[PDB]
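In the text below, chain A, chain B and the rest are named by the order of the sequence lines, each starting its count at 1. Order of listing sets the numbers, starting from 1, for every ligand and every atom in it.
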Amino acid sequence: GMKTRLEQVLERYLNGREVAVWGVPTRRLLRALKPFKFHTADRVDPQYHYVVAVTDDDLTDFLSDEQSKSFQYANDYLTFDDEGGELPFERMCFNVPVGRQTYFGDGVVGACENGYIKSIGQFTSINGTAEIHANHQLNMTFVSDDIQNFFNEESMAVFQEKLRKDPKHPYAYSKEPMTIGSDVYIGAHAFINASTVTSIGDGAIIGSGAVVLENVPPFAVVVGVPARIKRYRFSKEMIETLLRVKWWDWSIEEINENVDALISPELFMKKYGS
Amino acid sequence: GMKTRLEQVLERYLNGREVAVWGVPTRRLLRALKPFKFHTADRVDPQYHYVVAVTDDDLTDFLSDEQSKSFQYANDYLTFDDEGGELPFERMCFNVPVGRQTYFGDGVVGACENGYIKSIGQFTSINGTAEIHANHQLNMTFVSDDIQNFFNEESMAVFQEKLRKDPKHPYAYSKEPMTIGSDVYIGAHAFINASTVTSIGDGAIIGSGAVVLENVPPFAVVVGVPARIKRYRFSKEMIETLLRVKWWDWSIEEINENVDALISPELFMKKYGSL
Amino acid sequence: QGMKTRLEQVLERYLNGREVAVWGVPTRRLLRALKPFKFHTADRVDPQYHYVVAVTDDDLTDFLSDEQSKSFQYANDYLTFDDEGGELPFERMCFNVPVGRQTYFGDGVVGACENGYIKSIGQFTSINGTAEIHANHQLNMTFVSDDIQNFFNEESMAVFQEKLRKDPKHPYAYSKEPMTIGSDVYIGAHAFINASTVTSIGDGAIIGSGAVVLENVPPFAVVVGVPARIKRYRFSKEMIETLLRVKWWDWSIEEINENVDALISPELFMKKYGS
Ligand SMILES: CC(C)(COP(=O)(O)OP(=O)(O)OC[C@H]1O[C@@H](n2cnc3c(N)ncnc32)[C@H](O)[C@@H]1OP(=O)(O)O)[C@@H](O)C(=O)NCCC(=O)NCCS
Ligand SMILES: CC(C)(COP(=O)(O)OP(=O)(O)OC[C@H]1O[C@@H](n2cnc3c(N)ncnc32)[C@H](O)[C@@H]1OP(=O)(O)O)[C@@H](O)C(=O)NCCC(=O)NCCS
Ligand SMILES: CC(C)(COP(=O)(O)OP(=O)(O)OC[C@H]1O[C@@H](n2cnc3c(N)ncnc32)[C@H](O)[C@@H]1OP(=O)(O)O)[C@@H](O)C(=O)NCCC(=O)NCCS
Ligand SMILES: NC[C@H]1O[C@H](O[C@H]2[C@H](O)[C@@H](O[C@H]3O[C@H](CO)[C@@H](O)[C@H](N)[C@H]3O)[C@H](N)C[C@@H]2N)[C@H](N)[C@@H](O)[C@@H]1O
Ligand SMILES: NC[C@H]1O[C@H](O[C@H]2[C@H](O)[C@@H](O[C@H]3O[C@H](CO)[C@@H](O)[C@H](N)[C@H]3O)[C@H](N)C[C@@H]2N)[C@H](N)[C@@H](O)[C@@H]1O
Ligand SMILES: NC[C@H]1O[C@H](O[C@H]2[C@H](O)[C@@H](O[C@H]3O[C@H](CO)[C@@H](O)[C@H](N)[C@H]3O)[C@H](N)C[C@@H]2N)[C@H](N)[C@@H](O)[C@@H]1O
Ligand SMILES: [Cl-]
């Protein structure tokens with residue numbers, strides 16, 4: 001129903017080639033490949049073939065073969081098992097928009113599937129171990145969720161009605177899915193609570209181990225259990241300039257023309273601050 | 001003979017059907033499928049077939065397939081590679097009893113296999129990243145465990161004898177394996193120390209990131225590194241009542257008959273006000 | 001790669017001209033490692049003629065529960081293909097990284113060896129599989145992303161690398177030594193060590209579960225917390241000094257067994273080696 005990462009890349013780049021499967025195929029992979037022509041990879045030529053590596057180990061083996069030298073990433077090959085891997089173009093993850101050059105792990109892929117995330121910006125870097133989950137209801141006698149597997153139609157109706165009016169947003173009910181900005185960095189073993197967080201601002205840094213229970217302002221650096229603001233990456237004038245310029249939506253050419261201002265915040269302020 | 005999750009479900013529900021394997025069969029699967037007829041899934045019909053998706057992606061595929069619309073969870077299908085998934089009936093994980101509708105990840109599966117856990121309650125929800133490990137010996141010149149691979153039988157015997165006497169339970173020696181109660185909730189990146197914890201009480205909530213180094217009282221809410229008690233979910237009076245009522249052992253029929261009391265603590269204390 | 005996997009180094013050392021019997025579903029990567037050898041799908045296996053390679057841990061568990069495994073000895077006659085961080089009875093390489101005997105860690109630390117963040121990991125060291133070791137990205141530019149560099153032309157890349165190599169805060173662990181992780185070190189679950197700011201986890205160090213380690217851990221220090229702080233040292237300053245000279249973790253196997261009384265009892269260790 002919803003285009004996988006691989007499905008989006010093939011639409012964009014397969015360009016009528018056949019798919020050369022590198023590695024042991026899976027049922028999920030074969031279903032995704034039914035509309036196209038595909039075969040077990042043997043001799044591969046990027047004029048004729050698109051290489052799908054099934055697992056990361058498959059990709060590792062393929063990138064080690066001399067036959068891969070003529071294949072360029074995403075344009076001519078991809079890994080099937082890496083829904084959170086970044087791409088050179090804006091993509092969808094389970095109906096969540098994800099910007100260019102943004103990566104995350106299966107925890108966040110799940111959070112996208114669970115409806116917890118509104119979007120993830122560009123050039124955002126999320127450690128694979130990050131976790132994003134909602135709270136369960138905290139205003140009933142039980143805290144379990146799978147208890148509802150035992151609920152009949154009537155029990156489940158009252159259960160849902162009280163979830164729906166709970167202002168603490170159990171299961172992120174009746175709140176906005178959170179936006180994760182562009183140029184965000186999230187370190188290892190971090191948690192973001194989907195019941196109380198709607199906003200991880202542009203440029204925000206979430207340090208390793210941080211348990212993030214409330215919104216992170218743009219370009220704030222938060223650490224600790226629970227996450228506290230340690231510092232801001234830039235002055236407020238530089239932050240508001242960054243929020244107006246939005247360099248993370250710049251074209252590739254634009255990124256290179258102004259590389260100097262991207263590596264020097266001082267020149268960035270100088271060029272764009274007024 | 002320690003039975004997988006899948007074997008326990010097949011024993012209960014297969015009901016003379018044939019197993020239809022949805023996905024690539026692994027050796028762990030074929031060892032588990034030994035007492036049953038099975039084939040590679042092609043056309044399936046829950047009248048003659050119980051479908052075993054091997055991986056999570058296999059189940060995703062199967063459930064995306066139109067042949068699945070007639071298959072009920074656990075009754076007619078299961079994922080083999082999810083030893084921690086919840087079930088509608090009480091089960092074993094490495095001979096550790098697990099209540100109904102309780103789920104957890106591979107780390108807690110590993111804890112069951114390592115012998116760290118006596119039992120896990122009903123309607124308990126444990127994030128898949130939770131870790132439960134014991135301490136190594138802390139009173140020896142060395143802290144390694146795998147050094148013992150180099151011990152000969154006599155060396156190993158003195159090593160084991162000191163371990164068995166250690167009051168601080170390295171490798172959880174000489175202590176009770178821990179209980180995890182019912183209606184327990186454990187967040188992401190949590191840790192429970194198997195050497196120093198014997199019980200996660202009924203109804204406890206363990207916050208994300210919490211490092212749990214001592215017993216968590218029933219219905220306590222613990223957070224932090226290390227975990228400390230921020231509050232209890234219910235009054236002192238309600239906790240005693242809950243511990244007597246034990247709704248988590250109720251029948252499905254009782255859960256629906258008394259759902260009003262499950263949904264409102266206020267009503268629960270009226271209904272069970274005089275025990 | 002140019003570089004030998006753990007399995008490649010084990011076969012080189014012990015295969016001894018035998019055929020490889022594959023226990024489990026082979027992978028394309030495994031089949032490439034096995035290419036120069038005669039190999040086959042494990043049916044009946046005999047350690048005189050076969051070396052068993054289990055593909056996954058699940059396969060290893062299966063093999064070791066099969067009666068056919070009784071004759072096979074760890075590493076000498078069988079290994080797991082996909083356990084690059086597992087322990088070995090001899091010192092080995094993980095990518096460019098020396099790793100001592102009976103030392104294990106998980107894929108996070110494997111990745112850290114591949115990234116260039118680790119100089120060496122000592123002997124008899126135990127690292128929980130969830131441990132993470134990563135560096136900081138640049139903190140003195142307009143952006144913090146790394147994959148933005150996938151868009152850099154050659155000129156853009158050059159000014160980017162130029163500034164990075166001048167940064168005294170070591171983004172991507174630039175301009176610093178890769179960290180050494182000592183011998184007889186213990187690292188608990190959900191621990192993090194910052195490769196930008198740490199160059200040394202001393203011998204004997206204990207890093208507790210949940211710790212965020214932002215600076216060097218002295219030898220035999222016990223550190224906990226976010227950020228990690230020293231709770232105690234395992235031994236007195238004089239025994240630490242004695243341990244760092246004796247380096248029992250470099251001892252041979254017979255030495256370990258002859259001196260097991262000193263390894264078990266720090267007090268006897270001291271009377272013997274402390275001068
Ligand atoms: C936040 C981060 C990116 C860099 O911030 P920084 O500028 O280096 O911060 P500093 O080193 O100046 O630290 C300043 C203060 O913040 C604290 N601090 C910084 N990072 C912290 C963290 N992750 N946890 C707890 N405290 C932290 C320091 O203890 C110090 O405290 P003090 O000021 O009270 O003495 C880094 O610490 C981090 O977490 N990077 C993650 C790397 C990683 O996880 N690897 C891969 C994941 S993708
Ligand atoms: C603990 C939890 C259940 C909610 O409890 P709560 O009482 O609503 O928490 P509140 O934020 O309202 O306030 C509780 C107090 O403890 C703190 N706190 C709450 N949760 C915390 C956590 N996980 N870690 C650290 N501190 C926490 C709050 O900051 C506040 O502290 P204060 O007294 O010093 O101001 C929830 O925050 C949580 O941790 N859920 C984890 C979600 C998850 O990981 N899911 C996976 C499982 S499948
Ligand atoms: C660090 C550790 C080894 C125990 O050390 P210890 O010498 O027993 O220290 P204790 O727990 O008795 O107490 C030391 C103090 O530090 C605190 N502390 C100890 N370990 C801590 C941890 N991991 N996190 C936070 N705080 C901790 C204690 O609360 C205690 O209180 P105090 O400072 O107020 O006195 C242990 O706690 C640990 O982390 N084990 C690892 C389990 C694991 O994850 N295993 C899998 C790996 S393969
Ligand atoms: N190699 C060194 C670099 O590694 C990390 O960044 C990497 C990610 O690791 C990688 O992600 C992949 O691996 C993750 C971890 O397993 C998975 O979650 C994810 N789905 C998967 O695509 C992205 N593709 C590319 C990105 N630059 C660090 N942040 C970075 O500082 C470090 O320099
Ligand atoms: N989907 C949305 C729900 O997700 C989580 O609950 C889920 C579990 O995640 C899932 O678990 C599975 O996935 C885990 C994560 O990989 C594995 O560890 C585990 N072994 C595996 O069975 C259980 N089967 C069903 C349970 N209700 C949240 N707690 C809940 O708030 C949220 O509403
Ligand atoms: N079984 C119980 C023992 O378990 C852990 O020690 C084990 C490691 O778990 C294991 O590691 C393996 O599993 C890890 C977890 O997935 C992977 O990261 C790793 N790559 C993989 O080789 C090593 N081989 C052996 C070591 N003794 C505890 N530390 C120890 O106190 C406990 O007694
Ligand atoms: Cl039952």
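Atom NZ of A:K168 and atom CG of A:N139 lie 10.5 Å apart (nearest 0.5 Å).
Taking the six-membered ring for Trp, A:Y77 and A:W22 have ring centres at least 6.0 Å apart. Aromatic pair B:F62/B:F71: centroids less than 6.0 angstrom apart. Ring centroids of A:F151 and A:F159 are separated by less than 6.0 Å, placing the two rings close together. In this structure, B:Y185 has its ring center under 6.0 Å from that of A:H136.
In the model, B:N127 has a side-chain atom that pairs as donor or acceptor with a side-chain atom of B:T129 under 3.5 Å.
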Using a cut-off of under 3.5 Å, which N/O atoms of ligand 4 pair up with protein N/O atoms, and what distance separates each pair?
from: ligand 4; atom 1: 1 (N); to: C:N115; atom 2: OD1; distance (Å): 3.1
from: ligand 4; atom 1: 6 (O); to: A:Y103; atom 2: OH; distance (Å): 3.4
from: ligand 4; atom 1: 20 (N); to: A:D82; atom 2: OD1; distance (Å): 2.7
from: ligand 4; atom 1: 20 (N); to: A:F104; atom 2: O; distance (Å): 3.0
from: ligand 4; atom 1: 22 (O); to: A:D82; atom 2: OD1; distance (Å): 3.2
from: ligand 4; atom 1: 22 (O); to: A:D82; atom 2: OD2; distance (Å): 2.6
from: ligand 4; atom 1: 24 (N); to: A:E86; atom 2: OE1; distance (Å): 2.7
from: ligand 4; atom 1: 27 (N); to: C:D146; atom 2: OD2; distance (Å): 2.7
from: ligand 4; atom 1: 27 (N); to: C:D147; atom 2: OD1; distance (Å): 2.8
from: ligand 4; atom 1: 29 (N); to: A:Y103; atom 2: OH; distance (Å): 3.3
from: ligand 4; atom 1: 31 (O); to: C:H137; atom 2: NE2; distance (Å): 2.6

